[PDB]
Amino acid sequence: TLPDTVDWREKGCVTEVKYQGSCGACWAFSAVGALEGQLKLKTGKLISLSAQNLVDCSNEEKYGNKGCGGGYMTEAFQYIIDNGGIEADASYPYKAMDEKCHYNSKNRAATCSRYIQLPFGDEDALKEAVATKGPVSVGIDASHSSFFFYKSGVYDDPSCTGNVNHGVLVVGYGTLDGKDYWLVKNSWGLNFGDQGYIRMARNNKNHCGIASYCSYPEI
């Protein structure tokens, strides 16, 4: 049986909330956030990993990422696999602009061997993965102003669609005042939502596309 409530923050598997700025790096923050969870679960250390390393070094057709022009979490993971590593934020900090790649293997702080994609639209599979694997990268439709109006409760705007546009991180789930939710870490700083997080409707027919494109890496 799966736990009724999960919050990876409580297990020290989630780093501080980041601020992407004007750079379209949501995908990179979502990817590093999933890998940070796995790194903590394997090594016992909680380390912020370099979103900028992803932005600078996978901006080419091989990956179909475009740096600050947007990208995909699974292609971030594929880069880390191909590259044999990724740096920590501390040695490769965030600039919110495209830069020339300067990855250095002496500063490797994590690796990725493979990644897993969950079945499209399957919220039961997402629940199982969050409970048993760790934080999971997902895409959502975050294109409605109500997403930024949100401060507390469970986000469930009827104007959401299945047409996703932003990569974020699912770090838990539960039920709040009788409404099932996913606990989502964003990359808009602490001023977004509830200290950087939004609780999004769970079990409402794949609302906002949250279970359409779920993936997580393995160290």
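Numbering starts at 1 and runs along the sequence shown.
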As the entry reports it, the stretch among 182-190 and 57-65 with higher mean C-alpha B factor is 57-65
Of 173-181 and 151-159, the stretch whose C-alpha atoms average the higher B-factor in the entry | 151-159
Whose CA atom has the top B-factor in the entry, of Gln117, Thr132, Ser113, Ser143?
-> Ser113
Would you mind ranking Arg202 by its C-alpha B-factor against the rest of the chain and naming the third, lowest, middle or highest?
-> lowest
Chain thirds by Cα B factor, record data; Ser137 belongs to the lowest
Ranked C-alpha temperature factor of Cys101 among modelled chain residues, by third = highest
Based on the entry's values, in what third of the chain does the Cα temperature factor of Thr1 lie: lowest, middle or highest?
-> highest
What third of the chain, by the recorded C-alpha B-factor, contains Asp122?
-> middle
